[PDB]
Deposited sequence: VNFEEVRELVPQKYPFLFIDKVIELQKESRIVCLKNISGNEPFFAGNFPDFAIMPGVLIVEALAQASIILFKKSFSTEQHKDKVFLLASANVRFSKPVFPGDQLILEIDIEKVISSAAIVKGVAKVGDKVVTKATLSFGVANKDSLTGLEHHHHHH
């Protein structure tokens, strides 16, 4: 899955698109997404202008958009249980791993793991409604 297929499946767009490409797919099982962290992104201007750090809530959004890609292969975040372990900086390559716990007809609960290299930077349990 390339970038044109990302913009098609992810309902968000610039400046709120936080998926760059698709690394590994396993329909109804696991997805591994990739987002490049660049200092030329607009939110780096506004989140701590003294020193560039990626906001933790945007990592949660990146995990949510990756989960949506797994689903469509109208979802909406119903809940999030997140721990922010380590910071992400410009130049980092954020790996987004999504594992489905199990899916019902109107809801889905997933495991979210964000990594830079092999260091875990964010773990999350996300639930989605339908509208």
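Unmodelled regions of the deposited chain, listed from N- to C-terminal end, are 74-83, 142-156.
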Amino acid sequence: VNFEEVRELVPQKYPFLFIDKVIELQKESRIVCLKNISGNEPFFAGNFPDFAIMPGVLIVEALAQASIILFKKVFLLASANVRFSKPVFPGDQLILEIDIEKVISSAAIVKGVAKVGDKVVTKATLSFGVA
From here on, numbers count along this sequence of modelled residues.
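The question of which stretch, 87-95 or 42-50, has the higher mean Cα B factor is settled in favour of 42-50.
Averaged over their C-alpha atoms, the temperature factors of 76-84 and 23-31 are higher for 23-31.
Among the modelled residues of its chain, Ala62 has a C-alpha B-factor that falls in the lowest third according to the deposited record. Ranked by Cα temperature factor within the chain, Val103 sits in the highest third according to the deposited record.
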